[PDB]
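> Here it is, the structure in full.
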Amino acid sequence: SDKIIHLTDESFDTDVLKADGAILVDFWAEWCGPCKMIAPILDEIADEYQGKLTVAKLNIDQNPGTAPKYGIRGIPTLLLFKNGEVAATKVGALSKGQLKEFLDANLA
């Protein structure tokens, strides 16, 4: 894309775990309606939170190894990582206004 990291199972450690800051990871799948709903909202957030965080997306079908490590069940699941460590968990779709509030509250 532009500002969004397209993660793989192989690239996850470097991209998320070794990253010096906050990474909002989206676990999602193409068949998942709610996941496709939040995709354009993630684009806006990627834009708007430039220099605060990076948005990263892991498709759980193309990359089946990573999500079991984080107990992911329902999708979309959004995980806020701060320097390799999960700080906050959001399961299910949510609006832009809601995502903003989730991020602002957990980024501090």
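By convention in this document, the chains of the structure tokens carry letters A, B, ... by their order, each chain's residues are numbered from 1, and ligands are numbered from 1 in the order they are shown.
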Please provide the set of residues having any atom within 10 Å of residue 17 of chain A, restricted to only C-alpha atoms, with same-chain residues fewer than 2 positions apart removed, written as a PyMOL selection string.
chain A and resi 11-15+19-23+81-86
> Take the residues from that selection and write them out as an mmCIF file, in the first residue's frame, keeping N, CA and C atoms.

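To be explicit, this is the file written out as again10.cif:
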data_model
loop_
_atom_site.group_PDB
_atom_site.id
_atom_site.type_symbol
_atom_site.label_atom_id
_atom_site.label_comp_id
_atom_site.auth_asym_id
_atom_site.auth_seq_id
_atom_site.Cartn_x
_atom_site.Cartn_y
_atom_site.Cartn_z
ATOM 1 N N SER A 11 8.027 -12.348 8.207
ATOM 2 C CA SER A 11 8.395 -10.948 8.440
ATOM 3 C C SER A 11 7.923 -10.355 9.783
ATOM 4 N N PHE A 12 7.101 -11.096 10.532
ATOM 5 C CA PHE A 12 6.435 -10.589 11.750
ATOM 6 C C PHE A 12 7.395 -10.147 12.863
ATOM 7 N N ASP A 13 8.321 -11.024 13.251
ATOM 8 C CA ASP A 13 9.358 -10.658 14.217
ATOM 9 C C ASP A 13 10.033 -9.318 13.909
ATOM 10 N N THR A 14 10.671 -9.202 12.752
ATOM 11 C CA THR A 14 11.323 -7.935 12.384
ATOM 12 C C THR A 14 10.374 -6.758 12.336
ATOM 13 N N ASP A 15 9.205 -6.979 11.728
ATOM 14 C CA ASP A 15 8.278 -5.897 11.430
ATOM 15 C C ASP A 15 7.544 -5.404 12.657
ATOM 16 N N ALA A 19 10.397 -3.776 16.308
ATOM 17 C CA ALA A 19 10.163 -2.388 15.916
ATOM 18 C C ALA A 19 10.224 -1.433 17.112
ATOM 19 N N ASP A 20 11.003 -0.363 16.969
ATOM 20 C CA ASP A 20 11.101 0.645 18.023
ATOM 21 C C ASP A 20 9.908 1.621 18.067
ATOM 22 N N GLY A 21 8.753 1.076 18.428
ATOM 23 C CA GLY A 21 7.585 1.873 18.735
ATOM 24 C C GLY A 21 6.322 1.043 18.664
ATOM 25 N N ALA A 22 5.227 1.714 18.357
ATOM 26 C CA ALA A 22 3.900 1.151 18.458
ATOM 27 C C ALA A 22 3.455 0.690 17.088
ATOM 28 N N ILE A 23 2.943 -0.528 17.033
ATOM 29 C CA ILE A 23 2.439 -1.107 15.807
ATOM 30 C C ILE A 23 1.001 -1.584 16.064
ATOM 31 N N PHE A 81 0.676 -3.239 19.672
ATOM 32 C CA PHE A 81 2.002 -3.632 20.166
ATOM 33 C C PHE A 81 2.783 -2.373 20.495
ATOM 34 N N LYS A 82 3.498 -2.382 21.606
ATOM 35 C CA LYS A 82 4.395 -1.296 21.928
ATOM 36 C C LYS A 82 5.742 -1.946 22.150
ATOM 37 N N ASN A 83 6.662 -1.709 21.227
ATOM 38 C CA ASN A 83 7.985 -2.300 21.292
ATOM 39 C C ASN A 83 7.977 -3.816 21.483
ATOM 40 N N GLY A 84 7.097 -4.511 20.765
ATOM 41 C CA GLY A 84 7.119 -5.959 20.708
ATOM 42 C C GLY A 84 6.161 -6.614 21.678
ATOM 43 N N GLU A 85 5.516 -5.799 22.515
ATOM 44 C CA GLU A 85 4.661 -6.301 23.577
ATOM 45 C C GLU A 85 3.226 -5.800 23.388
ATOM 46 N N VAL A 86 2.252 -6.704 23.436
ATOM 47 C CA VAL A 86 0.847 -6.314 23.289
ATOM 48 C C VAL A 86 0.385 -5.494 24.488
#
> Residue 71 of chain A: which residues within 12 Å, counting only C-alpha atoms, same-chain residues fewer than 4 positions away excluded, as number ranges by chain?
A: 27, 65-67, 75, 77, 79, 86, 89, 91
> Would you list the contacts of residue 5 of chain A as number ranges by chain, taking every protein, DNA or RNA residue within 8 Å and counting only C-alpha atoms, but skipping same-chain residues closer than 6 positions in sequence?
A: 15, 54-57
> Nearest residue to residue 38 of chain A out of A:88, A:107, A:58, A:78, using only C-alpha atoms?
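Comparing A:88, A:107, A:58, A:78 against residue 38 of chain A, the winner is A:78.
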> If you count only C-alpha atoms, which residues fall within 10 Å of residue 37 of chain A, apart from same-chain ones fewer than 2 positions away, as a count of residues only?
12
> Which distance in Å separates atom CA of residue 80 of chain A and atom CA of residue 47 of chain A, to one decimal?
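Distance reported for this atom pair: 16.7 Å.
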> My list of candidates is A:52, A:18, A:36, A:69. Which is closest to residue 92 of chain A when distances are computed with only C-alpha atoms?
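Checking each of A:52, A:18, A:36, A:69 against residue 92 of chain A, counting only C-alpha atoms, the winner is A:36.
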